[PDB]
2 protein chains.
Amino acid sequence: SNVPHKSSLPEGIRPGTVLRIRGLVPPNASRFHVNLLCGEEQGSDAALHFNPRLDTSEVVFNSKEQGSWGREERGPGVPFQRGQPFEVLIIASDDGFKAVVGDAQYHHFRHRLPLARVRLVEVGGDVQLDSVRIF
Amino acid sequence: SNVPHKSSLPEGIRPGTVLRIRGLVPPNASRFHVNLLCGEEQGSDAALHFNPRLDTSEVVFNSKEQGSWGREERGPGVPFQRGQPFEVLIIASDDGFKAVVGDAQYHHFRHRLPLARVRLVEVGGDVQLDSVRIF
């Protein structure tokens with residue numbers, strides 16, 4: 001494992017930016033995450049932390065600012081399964097991020113940090129990442 | 001076998017809206033269309049008319065305002081084939097519609113009508129639809 005994926009967003013992201021993540025959850029995965037970060041330094045603020053937790057069957061959403069985590073939000077269940085492929089859309093809108101899993105909107109995360117600060121996508125944890133694409 | 005597919009959008013669509021269309025272009029297909037319409041009336045204004053033409057090997061984009069069509073825009077060649085499945089994203093931003101076809105950004109259509117007018121997605125013509133989803 002032990003390596004996160006990083007993708008720069010040269011144009012930043014605006015309402016209408018779509019991140020498509022395709023991958024599969026390894027059969028003994030505990031957790032993985034997708035972070036929208038505001039810069040390339042290791043403590044940088046996270047506009048969005050999307051963290052499916054399959055050892056506890058839940059999906060946590062949060063933000064991180066000046067080094068401290070915000071309040072956890074969480075969706076209905078976990079739309080991921082060990083050993084199973086997935087396709088996630090993270091869609092930037094004017095008032096938040098829409099997290100789509102499969103064929104259904106899973107959660108709407110209202111913006112906590114300004115959208116214009118987001119500068120990179122990071123994908124880490126127990127996941128087999130097939131493809132990260134920005135549209 | 002096939003039918004005009006309508007998705008009603010009573011709250012409209014906002015920037016950061018993804019229309020995902022999956023289907024088959026059947027073996028003898030001439031052309032098909034995805035319309036973002038402003039109402040349910042016959043001949044409603046169209047914010048976007050997306051029109052792959054298999055018979056002429058072009059993809060046409062246009063609008064229909066106040067009864068008459070605008071000037072057509074064309075994408076580069078035809079990324080559709082008779083007898084092949086496809087995935088199209090139509091992504092609404094503040095300034096236009098982004099068309100993605102099978103992992104490749106394909107064309108950008110600047111708004112000609114205010115996005116707020118859109119009330120209905122219609123998919124018709126020579127296509128065998130798998131799914132239409134609006135996120």
# chains A, B, ... in the order shown; residues from 1 in each chain; ligands from 1
>>> residues_around(residues="stretch 100-117 of chain B", least_positions_apart="2", cutoff="10 Å", atoms="only C-alpha atoms", output="JSON, numbers by chain")
{"A": [20, 133, 134, 135], "B": [11, 12, 13, 14, 15, 20, 21, 22, 36, 37, 38, 39, 45, 46, 47, 48, 50, 59, 61, 62, 63, 64, 65, 70, 73, 74, 75, 76, 77, 78, 79, 80, 85, 86, 87, 88, 89, 90, 91, 92, 93, 94, 95, 96, 97, 98, 119, 120]}
>>> write_last_selection(atoms="N, CA and C atoms", output="compact mmCIF listing (two decimals), in the first residue's frame")
# COMPACT_ATOMS: atom_id res chain seq x y z
N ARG A 20 -13.88 11.90 -11.42
CA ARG A 20 -14.31 10.51 -11.54
C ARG A 20 -13.19 9.62 -11.03
N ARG A 133 -9.81 10.87 -12.95
CA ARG A 133 -9.99 11.76 -14.08
C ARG A 133 -10.74 13.01 -13.66
N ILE A 134 -10.30 14.14 -14.21
CA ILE A 134 -10.90 15.43 -13.92
C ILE A 134 -11.59 15.90 -15.19
N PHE A 135 -12.87 16.23 -15.08
CA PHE A 135 -13.62 16.79 -16.21
C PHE A 135 -14.19 18.18 -15.91
N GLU B 11 -37.13 21.30 -10.30
CA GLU B 11 -36.33 22.30 -9.61
C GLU B 11 -35.25 22.86 -10.53
N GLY B 12 -35.28 22.46 -11.81
CA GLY B 12 -34.27 22.89 -12.75
C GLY B 12 -32.95 22.19 -12.47
N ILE B 13 -31.92 22.68 -13.15
CA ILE B 13 -30.55 22.22 -12.93
C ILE B 13 -29.68 23.43 -12.68
N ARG B 14 -28.64 23.24 -11.88
CA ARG B 14 -27.73 24.31 -11.50
C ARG B 14 -26.31 23.96 -11.94
N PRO B 15 -25.40 24.94 -11.97
CA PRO B 15 -23.99 24.62 -12.26
C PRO B 15 -23.49 23.52 -11.34
N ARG B 20 -25.70 11.84 -17.01
CA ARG B 20 -24.98 10.66 -17.47
C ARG B 20 -25.91 9.80 -18.32
N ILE B 21 -25.57 9.64 -19.59
CA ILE B 21 -26.35 8.86 -20.54
C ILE B 21 -25.51 7.69 -21.03
N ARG B 22 -26.03 6.48 -20.81
CA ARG B 22 -25.42 5.24 -21.24
C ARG B 22 -26.38 4.51 -22.17
N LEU B 36 -31.97 19.23 -23.75
CA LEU B 36 -32.28 19.91 -22.50
C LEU B 36 -33.33 20.96 -22.84
N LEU B 37 -34.58 20.71 -22.45
CA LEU B 37 -35.71 21.52 -22.89
C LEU B 37 -36.24 22.41 -21.76
N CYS B 38 -36.92 23.47 -22.16
CA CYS B 38 -37.40 24.46 -21.20
C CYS B 38 -38.82 24.21 -20.75
N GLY B 39 -39.50 23.26 -21.36
CA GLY B 39 -40.88 23.00 -21.01
C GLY B 39 -41.30 21.69 -21.62
N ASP B 45 -38.49 25.38 -26.41
CA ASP B 45 -37.12 25.89 -26.52
C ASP B 45 -36.14 24.88 -25.95
N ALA B 46 -34.94 24.83 -26.53
CA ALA B 46 -33.89 23.90 -26.11
C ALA B 46 -32.63 24.66 -25.72
N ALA B 47 -32.20 24.50 -24.46
CA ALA B 47 -30.92 25.06 -24.06
C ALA B 47 -29.78 24.31 -24.71
N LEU B 48 -29.96 23.01 -24.93
CA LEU B 48 -28.98 22.19 -25.62
C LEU B 48 -29.71 21.12 -26.41
N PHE B 50 -28.13 17.99 -28.48
CA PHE B 50 -26.90 17.23 -28.71
C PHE B 50 -27.25 16.07 -29.62
N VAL B 59 -21.24 15.22 -35.14
CA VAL B 59 -22.01 15.46 -33.92
C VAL B 59 -22.35 16.94 -33.87
N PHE B 61 -24.35 20.29 -32.26
CA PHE B 61 -24.83 20.94 -31.05
C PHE B 61 -25.61 22.17 -31.47
N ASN B 62 -26.78 22.40 -30.87
CA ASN B 62 -27.50 23.63 -31.20
C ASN B 62 -28.44 23.98 -30.06
N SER B 63 -29.04 25.15 -30.18
CA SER B 63 -30.08 25.61 -29.27
C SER B 63 -31.32 25.97 -30.08
N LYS B 64 -32.45 26.07 -29.40
CA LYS B 64 -33.67 26.51 -30.05
C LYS B 64 -34.30 27.54 -29.13
N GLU B 65 -34.41 28.76 -29.63
CA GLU B 65 -34.87 29.88 -28.83
C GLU B 65 -36.06 30.49 -29.53
N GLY B 70 -30.62 28.05 -33.38
CA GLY B 70 -29.41 28.82 -33.49
C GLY B 70 -28.48 28.27 -34.56
N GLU B 73 -23.08 24.13 -33.89
CA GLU B 73 -21.67 23.85 -33.61
C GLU B 73 -21.43 22.37 -33.83
N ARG B 74 -20.19 22.01 -34.18
CA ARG B 74 -19.86 20.62 -34.46
C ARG B 74 -18.63 20.22 -33.66
N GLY B 75 -18.67 19.01 -33.12
CA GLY B 75 -17.49 18.44 -32.51
C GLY B 75 -16.57 17.82 -33.54
N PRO B 76 -15.42 17.33 -33.07
CA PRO B 76 -14.45 16.70 -33.99
C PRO B 76 -14.78 15.27 -34.39
N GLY B 77 -15.42 15.08 -35.54
CA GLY B 77 -15.70 13.73 -35.97
C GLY B 77 -16.75 13.10 -35.06
N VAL B 78 -16.94 11.79 -35.22
CA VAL B 78 -18.02 11.12 -34.51
C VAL B 78 -17.49 10.04 -33.58
N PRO B 79 -17.55 10.26 -32.25
CA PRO B 79 -17.05 9.27 -31.29
C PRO B 79 -18.12 8.27 -30.88
N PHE B 80 -18.92 7.87 -31.85
CA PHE B 80 -19.99 6.89 -31.71
C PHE B 80 -19.94 5.96 -32.92
N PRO B 85 -21.71 0.29 -27.60
CA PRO B 85 -22.19 1.09 -26.47
C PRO B 85 -21.35 2.33 -26.22
N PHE B 86 -21.94 3.26 -25.48
CA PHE B 86 -21.32 4.55 -25.20
C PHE B 86 -21.73 5.03 -23.81
N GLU B 87 -20.95 5.99 -23.30
CA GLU B 87 -21.26 6.78 -22.12
C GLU B 87 -21.00 8.24 -22.43
N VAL B 88 -22.02 9.08 -22.24
CA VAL B 88 -21.93 10.53 -22.44
C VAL B 88 -22.17 11.21 -21.10
N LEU B 89 -21.30 12.14 -20.73
CA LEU B 89 -21.61 13.10 -19.69
C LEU B 89 -21.91 14.42 -20.36
N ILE B 90 -23.01 15.03 -19.97
CA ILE B 90 -23.29 16.44 -20.24
C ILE B 90 -23.21 17.13 -18.89
N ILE B 91 -22.22 18.00 -18.72
CA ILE B 91 -21.92 18.62 -17.43
C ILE B 91 -22.23 20.11 -17.54
N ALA B 92 -23.11 20.60 -16.67
CA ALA B 92 -23.49 22.01 -16.67
C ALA B 92 -22.55 22.79 -15.76
N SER B 93 -21.92 23.84 -16.30
CA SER B 93 -21.12 24.78 -15.52
C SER B 93 -21.78 26.16 -15.57
N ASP B 94 -21.11 27.17 -15.02
CA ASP B 94 -21.67 28.52 -15.09
C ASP B 94 -21.71 29.03 -16.52
N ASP B 95 -20.78 28.61 -17.36
CA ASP B 95 -20.70 29.21 -18.67
C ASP B 95 -21.00 28.28 -19.83
N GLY B 96 -21.29 27.01 -19.60
CA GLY B 96 -21.72 26.19 -20.72
C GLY B 96 -21.95 24.75 -20.32
N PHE B 97 -22.08 23.91 -21.34
CA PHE B 97 -22.23 22.47 -21.17
C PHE B 97 -20.99 21.79 -21.68
N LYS B 98 -20.41 20.93 -20.85
CA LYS B 98 -19.28 20.12 -21.26
C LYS B 98 -19.79 18.74 -21.66
N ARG B 119 -36.05 22.55 -17.84
CA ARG B 119 -37.06 21.82 -17.07
C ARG B 119 -37.16 20.33 -17.39
N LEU B 120 -36.53 19.85 -18.46
CA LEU B 120 -36.81 18.51 -18.95
C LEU B 120 -35.62 18.04 -19.77
>>> calpha_fit_and_write(fixed="chain A", moving="chain B", output="compact mmCIF listing (two decimals) with C-alpha atoms, in the first residue's frame")
# COMPACT_ATOMS: atom_id res chain seq x y z
CA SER B 1 0.24 -2.81 -5.82
CA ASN B 2 -0.88 0.53 -4.30
CA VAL B 3 0.32 4.11 -3.58
CA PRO B 4 -0.98 7.58 -2.57
CA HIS B 5 -2.30 9.10 -5.79
CA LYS B 6 -1.95 12.87 -6.30
CA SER B 7 -3.58 15.00 -9.00
CA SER B 8 -2.29 18.58 -8.97
CA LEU B 9 -4.84 21.28 -9.87
CA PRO B 10 -2.84 24.46 -10.52
CA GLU B 11 -5.79 26.35 -11.99
CA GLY B 12 -8.02 25.10 -9.18
CA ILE B 13 -11.47 23.68 -9.77
CA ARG B 14 -14.67 25.58 -10.55
CA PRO B 15 -18.40 24.78 -10.22
CA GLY B 16 -19.16 22.08 -12.74
CA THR B 17 -16.09 19.98 -12.01
CA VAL B 18 -16.38 16.17 -11.88
CA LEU B 19 -13.84 14.04 -10.04
CA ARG B 20 -14.30 10.45 -11.23
CA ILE B 21 -12.63 7.81 -9.05
CA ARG B 22 -12.70 4.14 -10.05
CA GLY B 23 -11.03 1.35 -8.14
CA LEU B 24 -11.15 -1.83 -6.10
CA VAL B 25 -11.72 -2.06 -2.37
CA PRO B 26 -9.27 -4.93 -1.62
CA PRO B 27 -10.36 -7.97 0.45
CA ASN B 28 -8.91 -6.86 3.79
CA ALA B 29 -9.46 -3.11 3.43
CA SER B 30 -10.02 -0.99 6.53
CA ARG B 31 -10.74 2.41 5.01
CA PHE B 32 -9.67 4.76 2.25
CA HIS B 33 -9.96 8.46 1.49
CA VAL B 34 -10.37 11.08 -1.22
CA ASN B 35 -9.08 14.50 -0.14
CA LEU B 36 -9.53 17.83 -1.91
CA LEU B 37 -6.59 19.77 -0.45
CA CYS B 38 -5.59 23.41 -0.52
CA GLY B 39 -1.86 22.91 -0.86
CA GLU B 40 0.96 20.41 -1.12
CA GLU B 41 2.11 20.83 2.49
CA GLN B 42 1.78 17.99 4.98
CA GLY B 43 -1.47 18.43 6.85
CA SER B 44 -2.84 20.93 4.30
CA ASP B 45 -6.35 22.29 4.83
CA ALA B 46 -9.01 20.08 3.21
CA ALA B 47 -12.11 21.40 1.47
CA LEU B 48 -13.36 17.82 1.43
CA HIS B 49 -12.21 14.63 3.17
CA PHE B 50 -14.31 11.70 1.86
CA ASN B 51 -13.63 8.64 3.97
CA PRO B 52 -15.33 5.27 3.43
CA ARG B 53 -14.66 3.12 6.50
CA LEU B 54 -15.12 -0.56 5.71
CA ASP B 55 -14.05 -1.54 9.20
CA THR B 56 -16.81 0.50 10.93
CA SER B 57 -19.39 0.43 8.08
CA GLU B 58 -19.69 4.23 7.74
CA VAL B 59 -18.79 6.90 5.19
CA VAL B 60 -17.47 10.06 6.83
CA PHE B 61 -17.25 13.52 5.26
CA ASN B 62 -15.31 16.35 6.85
CA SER B 63 -13.21 19.45 6.28
CA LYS B 64 -9.95 20.61 7.81
CA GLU B 65 -9.55 24.34 8.28
CA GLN B 66 -6.56 26.12 9.74
CA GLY B 67 -5.23 22.87 11.22
CA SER B 68 -8.31 21.35 12.87
CA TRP B 69 -11.15 19.17 11.64
CA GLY B 70 -14.73 20.29 11.32
CA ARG B 71 -17.76 18.35 12.46
CA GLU B 72 -18.13 15.02 10.64
CA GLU B 73 -21.09 14.33 8.37
CA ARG B 74 -22.11 10.76 7.55
CA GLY B 75 -23.84 9.22 4.59
CA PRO B 76 -26.43 6.45 4.80
CA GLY B 77 -24.57 3.22 5.50
CA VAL B 78 -21.66 2.04 3.40
CA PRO B 79 -22.08 1.62 -0.40
CA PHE B 80 -18.67 -0.06 -0.64
CA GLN B 81 -17.65 -3.66 -0.05
CA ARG B 82 -14.36 -5.48 0.41
CA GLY B 83 -13.57 -7.37 -2.78
CA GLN B 84 -15.80 -5.15 -4.95
CA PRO B 85 -15.02 -2.43 -7.49
CA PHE B 86 -16.64 0.99 -7.30
CA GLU B 87 -17.13 4.28 -9.15
CA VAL B 88 -17.38 7.56 -7.21
CA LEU B 89 -18.21 10.95 -8.65
CA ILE B 90 -17.38 13.98 -6.55
CA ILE B 91 -19.14 16.84 -8.33
CA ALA B 92 -18.40 20.46 -7.40
CA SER B 93 -21.32 22.92 -7.58
CA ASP B 94 -21.65 26.50 -6.34
CA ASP B 95 -22.86 25.35 -2.95
CA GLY B 96 -21.22 22.01 -2.24
CA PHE B 97 -19.86 18.65 -3.32
CA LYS B 98 -22.18 15.96 -4.60
CA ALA B 99 -21.01 12.39 -3.97
CA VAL B 100 -22.41 9.80 -6.37
CA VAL B 101 -21.62 6.13 -5.74
CA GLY B 102 -22.47 3.56 -8.41
CA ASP B 103 -25.48 5.25 -10.09
CA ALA B 104 -26.98 6.64 -6.86
CA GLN B 105 -26.68 10.14 -5.46
CA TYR B 106 -25.24 9.41 -2.05
CA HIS B 107 -24.56 12.59 -0.05
CA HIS B 108 -24.26 16.36 -0.49
CA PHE B 109 -21.52 18.20 1.45
CA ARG B 110 -22.05 21.96 1.57
CA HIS B 111 -18.90 24.02 0.98
CA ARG B 112 -17.13 24.96 4.18
CA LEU B 113 -13.98 26.33 2.55
CA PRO B 114 -14.08 28.44 -0.62
CA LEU B 115 -13.83 26.11 -3.62
CA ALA B 116 -11.17 28.44 -5.06
CA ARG B 117 -8.69 27.22 -2.43
CA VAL B 118 -8.56 23.65 -3.80
CA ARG B 119 -5.18 22.83 -5.39
CA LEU B 120 -4.70 19.06 -5.11
CA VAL B 121 -6.69 15.82 -5.14
CA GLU B 122 -5.19 13.02 -3.07
CA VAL B 123 -6.49 9.43 -2.97
CA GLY B 124 -5.00 7.14 -0.33
CA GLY B 125 -5.54 4.31 2.10
CA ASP B 126 -6.82 0.78 1.49
CA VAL B 127 -7.90 1.11 -2.14
CA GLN B 128 -6.43 -0.25 -5.37
CA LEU B 129 -7.03 2.56 -7.81
CA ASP B 130 -8.15 1.95 -11.37
CA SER B 131 -8.28 5.59 -12.49
CA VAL B 132 -8.67 9.14 -11.23
CA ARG B 133 -9.93 11.70 -13.71
CA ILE B 134 -10.83 15.36 -13.20
CA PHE B 135 -13.21 16.90 -15.75
